[PDB]
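For reference, the structure is listed below as structure tokens.
So that the names make sense, note that chain A is the first sequence line, chain B the second, and so on, each numbered from 1. Because only heavy atoms are used, hydrogens play no part in the values below, and waters and symmetry mates are left out as well, while side chains stay in.
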Amino acid sequence: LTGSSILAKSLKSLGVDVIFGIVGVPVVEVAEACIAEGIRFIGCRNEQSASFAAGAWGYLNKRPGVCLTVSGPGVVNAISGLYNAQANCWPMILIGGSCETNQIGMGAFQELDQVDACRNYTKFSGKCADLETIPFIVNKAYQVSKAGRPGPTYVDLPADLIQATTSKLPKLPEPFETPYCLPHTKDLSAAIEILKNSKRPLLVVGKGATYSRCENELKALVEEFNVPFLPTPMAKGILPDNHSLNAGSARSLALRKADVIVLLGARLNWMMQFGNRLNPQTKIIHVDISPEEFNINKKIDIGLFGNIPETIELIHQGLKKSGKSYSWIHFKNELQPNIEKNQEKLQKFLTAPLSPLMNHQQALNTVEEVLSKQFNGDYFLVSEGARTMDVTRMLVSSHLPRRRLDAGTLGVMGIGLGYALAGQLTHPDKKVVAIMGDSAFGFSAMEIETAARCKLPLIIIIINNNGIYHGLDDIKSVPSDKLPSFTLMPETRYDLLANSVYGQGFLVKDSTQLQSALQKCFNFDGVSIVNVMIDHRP
Amino acid sequence: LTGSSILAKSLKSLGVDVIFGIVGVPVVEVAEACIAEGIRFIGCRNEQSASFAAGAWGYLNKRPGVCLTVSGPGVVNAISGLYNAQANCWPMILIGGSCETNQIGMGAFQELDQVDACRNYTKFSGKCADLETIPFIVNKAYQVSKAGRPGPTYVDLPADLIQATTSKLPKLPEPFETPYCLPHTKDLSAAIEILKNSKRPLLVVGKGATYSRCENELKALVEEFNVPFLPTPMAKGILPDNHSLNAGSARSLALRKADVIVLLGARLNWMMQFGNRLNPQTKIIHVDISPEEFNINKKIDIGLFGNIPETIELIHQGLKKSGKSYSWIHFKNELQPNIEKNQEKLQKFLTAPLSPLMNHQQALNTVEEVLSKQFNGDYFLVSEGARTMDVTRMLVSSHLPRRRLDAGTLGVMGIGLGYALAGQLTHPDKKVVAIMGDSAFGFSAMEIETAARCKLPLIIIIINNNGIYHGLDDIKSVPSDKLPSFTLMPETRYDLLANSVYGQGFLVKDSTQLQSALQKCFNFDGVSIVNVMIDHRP
Amino acid sequence: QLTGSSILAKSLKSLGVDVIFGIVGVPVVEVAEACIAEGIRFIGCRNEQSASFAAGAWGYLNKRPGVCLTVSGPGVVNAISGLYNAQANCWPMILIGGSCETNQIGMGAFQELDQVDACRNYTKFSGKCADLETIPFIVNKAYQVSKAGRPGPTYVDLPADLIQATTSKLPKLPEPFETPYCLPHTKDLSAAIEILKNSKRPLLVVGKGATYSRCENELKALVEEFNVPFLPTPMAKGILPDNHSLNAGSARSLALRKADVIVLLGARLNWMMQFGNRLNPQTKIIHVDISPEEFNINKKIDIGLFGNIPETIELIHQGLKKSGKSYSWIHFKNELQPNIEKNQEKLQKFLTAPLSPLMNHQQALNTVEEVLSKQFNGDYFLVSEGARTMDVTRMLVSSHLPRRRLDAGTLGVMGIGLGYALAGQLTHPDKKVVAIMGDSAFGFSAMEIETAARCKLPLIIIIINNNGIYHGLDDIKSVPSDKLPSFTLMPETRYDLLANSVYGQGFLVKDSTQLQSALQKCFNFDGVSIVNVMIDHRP
Ligand SMILES: Nc1ncnc2c1ncn2[C@@H]1O[C@H](COP(=O)(O)OP(=O)(O)O)[C@@H](O)[C@H]1O
Ligand SMILES: Nc1ncnc2c1ncn2[C@@H]1O[C@H](COP(=O)(O)OP(=O)(O)O)[C@@H](O)[C@H]1O
Ligand SMILES: Nc1ncnc2c1ncn2[C@@H]1O[C@H](COP(=O)(O)OP(=O)(O)O)[C@@H](O)[C@H]1O
Ligand SMILES: Cc1ncc(C[n+]2csc(CCOP(=O)(O)OP(=O)(O)O)c2C)c(N)n1
Ligand SMILES: Cc1ncc(C[n+]2csc(CCOP(=O)(O)OP(=O)(O)O)c2C)c(N)n1
Ligand SMILES: Cc1ncc(C[n+]2csc(CCOP(=O)(O)OP(=O)(O)O)c2C)c(N)n1
Ligand SMILES: [Cl-]
Ligand SMILES: [Cl-]
Ligand SMILES: [Mg+2]
Ligand SMILES: [Mg+2]
Ligand SMILES: [Mg+2]
């Protein structure tokens, strides 16, 4: 028994079956011990992507993802994923090797107080003091990351413990089911009365709801009482985007005109403009597991402190108790004229003359037609970029829960390939399509070798406008000192990157090439990159 | 006048001429304001590389490099380069946009306390409170980064200031020459007397000595009195690797046998094994600008608190005053049998059977022959990896000061392309060769597009053994759960990445093809990638 | 046969530590007792605030780190006040904190706190002893770092499992190492000399970095050979006497504004100098400091002299001697005489103010100065703390010797009064320590009178009592409790009677005659004396 194998056995007793990371001094022994215990190891090319993958994996699987890094710069690179998981409220454990304990203060190799470096990004950050305490620290990180509001944790394994030996196996952690809570009956009763008296109720469904896996309870409630709902971006698909009660296509109007809003796992942070655009007379019912979230940015009527799935059901039962036959389809019907105006605005983009290239909307509309016909809603989507991501949110539909990851609460670029790895590993029998802007893609592009090596046959679609929001179409005549900050190199051949990893690449300039390229990606055993050149202009 | 242009005018008045970064919300207007003031902007593909480039550029240029990032995850990604510059003692300024000030606490877009996030990685971290204080904060970061022991600083620009306008130009910073200091005369005289009584003195020359640009003084001293010297890795070349007084080829014996060691800008940290292998009877003279560095890890005899170049010259004048002539060539000559024994050990690697692929030594010995014939030492070298870096240090020689950058005090992977950009921008008339392991390369490989776009014709040599220290030559038959953590995909075709950016790539498997490929890189107007497949075994 | 306690103690003793301030508990009492067994005196205080304040002041006074010892958790948190103080003042000290058992971290251990992190932003070095063999390295690093360069506080963490661990092998103990200093570059030095050579109105601004570095003899030689006007900051008062013929302190504002050259000697252009904002932009500034990050930040300077203050003064002096010109800048001091007289007339207006029937601040402190002047002729030790009390003490109570004055300093912190007095009395057992404090200031640390009585430190405490913070009420009996003003304390609180709690002597004083009589009884008393001086309560 070594520090490595006790760490590995502790993770194994808690059900960990895949770890992302990059090895070296001193943690290669830790990774090989985990593999020796039957835990798969996904070696990445940058710890940014490894720690993004771990966080997304935790969100998808409702249990902590695990990331493993070397000391010093390994952990510092992974702070990007700690910050990401903390913002997204996603469970994960970052395990970092650290320098020899008795060399701290001497300028040890990759010396860093890594517990302190991670403390403000995590719900728990701690160091294994000795071999006997390894299970305790691992278990504490595991339990804490998944409890209450989920988030990341940090576990430090100093070099002198990794290679330390013992003959006595410390008591290993045993699984513990996360206890949850329910709203107080008084609050739940008041919220039920608010809904009963409402004329225009609106369920706002966030990624806390999809994480908690409330899709069945939400569907039963929405469909029995015709309750309009509106998903946040990663909640798209919890019910299909084309569901008859989905108000997503009239988002701004539905929010302004609703007289009751039920927030289901969604915060009134920047994504909801802090609640500033809500009618002050709207009554707000907030369902969250973090009680510190209630009545901060915006006055709310009722805070329902409880688990989303059971809370939906309790509200649904409350409405059934009266025996009355509530229906709010009228509110959804009232949003129909605004939905048709928004559709008419989209059509103007779709019929714009070719430049001779397509614009964002024309390219992504073709993608949606192709993907819809091939998969009928059953695949996995990763979405990242600026204009590429917003247009993908409008045009590329979701039909199942937790089949969509995007830049999230941070609006972080660089999650594309890590999230796609996590998605493919969670759904080995499904196709994973990652739709990325050309700028976004360059943050994590080298993980295509990780995907190829780990037999993850990703489909990568790059919407390429030669820069950030827009670009130049010729830089050879621009004096280098005056090269604008937003442009990338015109017609960068991201498609040819696929050949470095024995994949397949396609350069696409028109809808015919786009359709034909995508048809060749559906059954390819490897990485496909579709590099779609679009109009560079703003 | 905006926050953006007051920032840009402040940097320009302090002589800033190039900035690395990535733009977005809310920092696009800042980069464009810098460009309008005549400051060149290098848009990168990940903030890791941009912040590594700024720190390298500061070291090479003896004034702070500048890195610009967006709020939240932009700054967090750049903490890797802060940590790196702090560890290397390199001057730089990280300029981060941040969220609207009156939205802190509300879950603003990319909300992060960025002053605090950067506080422990920097000599100064501060926020611009209003338009009037921007020059003060910029000037403070600039002066602090380069004073004393150099290091990184952080300047926060909130989004409400970036967009703020005024008609009053604040007083702009004026350049100020960094004050140096000299050792106390009593300590200097004691150090001179120690050297006069020495029989086997050794000058240990670190990258503080190259940063302070002491090559002229060092040469004069070494050659007049025949004083053996030993460079640390990035000090290689301060005098040529084949200089007749260079003890680098008998490094452990020279350190073991010296009766006096003069530490010139080098720490007794992990790179010197904390001084643990030095003879306890060896007298130690330590020249540093950081007095907190003296007499911590190892008992020393004299701390010379002073600027390295002037201190070398004062020691030299002190020896020259005595009239009695000094020559320590005998010490160097005593090292020759060990130099020879080390060359014969190297020769066993160079003549080892081919697999049919070369080993690290055979590949890099060929690279050195080709580079030496072409440039006669006059080029720029970046070196990154584990075995690849160690063998490059042994075999690829340096002949001029500050023409070599490697993984440094952190042993950090991922600095390769960022260091190459800074080196090429500092020496536009020289060739930049980056010798990277295959694992190392994957951390920063997408910056080849930055190099192509900004007209930086890098020559990239990848020493490819299919993984980290070693790899497998076949993963097709390995069950995915048992894939080892150290391996990468066999024969990943990094050479083909060059085609994505209209460069040129070469797959190379023997010394003949390596020489032929390298000869085609010397005058190519673009990025060249030579992918050298070597034996995968450990 | 050695323990963590004794390896720590022997490590401190080999580095010359001879006194430690602190408060013991679990398990650090074994550490203090091992220190006492090695010949190190332990000063047990009543609050860690005062202990850490005392350690920092002791460091300043003695030009070597003071040492503070506390228990885990709230012991260390209480001492962060003194770390912040020593950091702001640039004073060398080591805080030594016990911490919880290492293998209980994360479990909710008794007084569990990441104390290394807690102290990190307040210290130059914060570290933990990982095992018995590394105690000397950590202690030595804290000791060397605190005194090198710009001095400052450090933190050493001693976990409970280490305090109690035993070994039969003695680790190598630290050996003393003389702090290396630097000298300014010759180019900068020659440029500074040439600036001074061409000056008509030069001014040496002498700060507490100058007094810490002990440059009084070099400064005196330069000032007196060439008649160079100078101006001390509050704790530099006395480096040359307040009544030295070249002292411009009585015309501070005019001298600063009219100088054509300012030499800053261990003084910063921080809030205490209004950030340089009142200086004439045409004035040339020469800044002598050991922290190069200080140059050209708040204010444009001409020359940064990166070097040790005493040698740098001497090198400037020698540079002026080299020409053979008989430089004399007494004329600039003489130009300040109208302003000095105007300020003295302003003060005399306060001294002749009618009694109310109580004295005002100026009258009480002028009487104090008359008594102290007749009793000591300048040779005593002064601690000064308060708001108005402190400002009037600075104007009226004179200093005549270097490092004989401590006040609220860079933090303007209330609560240093008795800890500083303890350090001053321990540093000068052959001198009398007078602490002049406002009534509000005194209440922060007053219980340390028992520490002084217990440790045979015969402090003389003078409280200038106006019933509150800057001002007070003279009656609160008829004020409804909800409406009691925030600035007032209880009228005529009998701080003098506190002296009886520790077998000292106290005096209630309401006029200058009683003040004189009471003070005269304080100079030869074996114990603590407190003079409670009731003054006018109005603003
Ligand atoms: N099981 C659960 N029950 C209730 N609320 C939860 C649960 N898990 C997470 N949450 C909450 O869901 C919220 C997620 O909000 P956010 O990440 O802003 O979603 P979105 O970005 O989709 O609006 C967090 O406030 C979190 O506390
Ligand atoms: N101008 C200078 N004069 C003296 N010392 C310097 C100067 N600039 C930097 N230094 C010192 O040089 C040292 C660099 O050492 P280190 O980075 O460990 O070098 P290496 O890795 O080459 O051994 C630091 O201690 C730093 O304080
Ligand atoms: N030996 C020394 N040589 C030169 N400067 C020093 C020395 N010791 C301390 N200093 C400097 O003295 C200055 C003290 O300034 P400060 O505390 O503001 O003084 P004051 O409050 O009296 O104005 C600090 O900047 C510190 O770096
Ligand atoms: C880590 C990080 N760095 C920088 C940014 C700023 N940013 C926001 S979107 C974006 C890229 C936008 O370009 P692209 O992905 O090509 O999309 P487009 O809008 O051109 O379709 C960038 C760099 C960010 N959000 N995160
Ligand atoms: C940021 C970071 N992550 C991980 C490591 C661990 N590490 C050390 S060397 C190395 C790469 C070794 O492989 P390669 O560059 O191919 O060199 P080889 O030894 O195979 O020649 C890695 C990942 C590191 N030093 N820094
Ligand atoms: C630790 C701390 N708490 C509070 C303050 C605020 N403060 C400044 S001066 C002062 C006391 C002023 O009253 P006193 O000491 O009686 O003097 P007076 O001006 O009334 O003569 C206080 C509380 C401080 N400086 N430090
Ligand atoms: Cl745009
Ligand atoms: Cl190996
Ligand atoms: Mg784009
Ligand atoms: Mg390799
Ligand atoms: Mg008062």
Side-chain angles (χ1 to χ4, degrees), chain A residues 230-244 246-251 339-352 354-355 357-407 416 419-420 423-424 427 430-438 440-441 458-465 495 506 508-524 528-535:
Chain A
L230 160 67
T232 71
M234 286 200 248
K236 287 169 66 62
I238 183 171
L239 278 55
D241 278 328
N242 63 332
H243 193 277
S244 64
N246 195 321
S249 290
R251 175 189 185 275
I339 293 174
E340 320 225 304
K341 292 179 180 177
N342 291 340
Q343 181 65 21
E344 190 174 8
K345 293 182 183 188
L346 167 67
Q347 280 298 138
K348 294 188 170 190
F349 290 98
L350 296 183
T351 54
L354 296 177
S355 81
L357 302 176
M358 296 178 288
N359 60 27
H360 285 88
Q361 292 85 6
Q362 288 167 332
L364 289 161
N365 187 253
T366 304
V367 172
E368 163 77 352
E369 286 167 349
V370 170
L371 296 182
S372 172
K373 177 177 188 176
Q374 173 72 4
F375 299 115
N376 198 24
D378 191 11
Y379 69 101
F380 194 99
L381 178 67
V382 177
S383 174
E384 176 189 48
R387 298 174 63 195
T388 296
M389 195 176 64
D390 295 346
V391 173
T392 296
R393 183 172 57 251
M394 181 177 309
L395 296 186
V396 180
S397 58
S398 285
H399 298 263
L400 302 171
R402 298 175 295 289
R403 299 293 192 87
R404 196 187 190 104
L405 304 166
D406 72 357
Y419 283 8
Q424 190 68 90
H427 300 286
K430 304 303 178 182
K431 304 306 300 167
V432 173
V433 181
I435 304 185
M436 286 170 295
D438 56 310
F441 177 62
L458 306 179
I459 304 170
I460 296 170
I461 301 177
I462 297 148
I463 307 297
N464 188 342
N465 60 354
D495 52 300
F506 306 92
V508 165
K509 292 188 173 188
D510 57 61
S511 61
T512 295
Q513 294 171 325
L514 183 50
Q515 295 180 39
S516 164
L518 285 175
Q519 269 138 54
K520 287 180 50 172
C521 297
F522 295 146
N523 276 88
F524 181 72
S528 302
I529 293 172
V530 186
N531 180 24
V532 180
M533 305 304 311
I534 65 157
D535 188 351

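By the 4.5 Å heavy-atom criterion applied to side chains, A:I459 and A:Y379 are not counted as neighbours. The closest side-chain heavy-atom distance from A:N359 to A:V391 is not below 4.5 Å. Here the side chains of A:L357 and A:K509 are in contact, with some heavy-atom distance below 4.5 Å. Residues A:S397 and A:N242 fail the side-chain proximity criterion, which asks for heavy atoms closer than 4.5 Å. At least one side-chain heavy atom of A:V532 sits less than 4.5 Å from a side-chain heavy atom of A:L514. A:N246 places none of its side-chain heavy atoms less than 4.5 Å from the side chain of A:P240. Side-chain atoms of A:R403 and A:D378, non-hydrogen and from C-beta on, do get closer than 4.5 Å to each other. Taking the side chain as every heavy atom from C-beta outward, A:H360 and A:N465 approach each other to under 4.5 Å.
Nearest heavy-atom pair, A:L400 versus A:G377, reported as atom, atom and distance to 0.1 Å: CD1-O, 4.0 Å. Taking each heavy atom of A:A250 and A:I339 in turn, the nearest pair found is CB-CG1, 3.7 Å. Across A:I238 and A:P401, no two heavy atoms sit closer than the pair O-CG, 3.8 Å. When all heavy atoms of A:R393 and A:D390 are compared, the pair lying nearest together is NH2-OD1, 2.8 Å. Closest non-hydrogen pair, A:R404 versus A:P233, comes out as CD-O, 3.4 Å. Counting all heavy atoms, side chain and backbone alike, A:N365 lies closest to A:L350 at CB-CD2, 3.7 Å.
Of the inter-residue distances, the one linking A:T392 atom OG1 with A:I463 atom CD1 reads 6.5 Å to the nearest 0.5 angstrom. A:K431 contributes atom NZ, which lies 14.0 Å from atom CG of A:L381 (distance to the nearest 0.5 angstrom). For the atom pair NE2 of A:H243 and CG of A:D241, the computed distance is 11.5 Å after rounding to the nearest 0.5 Å. The line from CZ of A:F506 to NZ of A:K520 is 4.0 Å long, rounded to the nearest 0.5 Å. One finds the CD atom of A:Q361 at 10.5 Å from the OG1 atom of A:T351 (value rounded to the nearest 0.5 Å). Atom-to-atom distance recorded for A:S511:OG and A:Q362:CD is 8.5 Å, nearest 0.5 angstrom.
Using the six-membered ring where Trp is involved, A:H427 and A:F380 have ring planes that are tilted, between 30° and 60° apart.
Between the side chain of A:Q424 and the main chain of A:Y419, no donor-acceptor pair closer than 3.5 Å is present. Looking at A:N531, its side chain never comes within 3.5 Å of a backbone N or O of A:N464 through a donor-acceptor pair. Looking at A:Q374, its side chain never comes within 3.5 Å of a backbone N or O of A:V370 through a donor-acceptor pair. The backbone N or O of A:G416 sits less than 3.5 Å from a side-chain atom of A:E384, completing a donor-acceptor pair.
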Assess the residue pair A:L405 and A:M234 against the criterion (side chain to side chain contact (heavy atoms under 4.5 Å, CB included)); give the C-alpha distance rounded to whole Å, side-chain angles, the decisive distance to 0.1 Å, and a yes or no. CA-CA 6 Å; A:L405 304 166; A:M234 286 200 248; 4.0 Å; yes

Should A:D495 and A:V508 be marked as a side chain to side chain contact (heavy atoms under 4.5 Å, CB included) after you check the CA-CA gap, both sets of side-chain angles, and the distance that decides it? CA-CA 9 Å; A:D495 52 300; A:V508 165; over 6 Å; no

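Heavy-atom neighbours of A:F522 CZ from other residues, nucleotides or ligands within 6.0 Å: above the threshold of 12.
A:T366 and A:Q515 are not linked by any side-chain donor-acceptor pair at a separation below 3.5 angstrom, with hydrogens and angles left out of the test.
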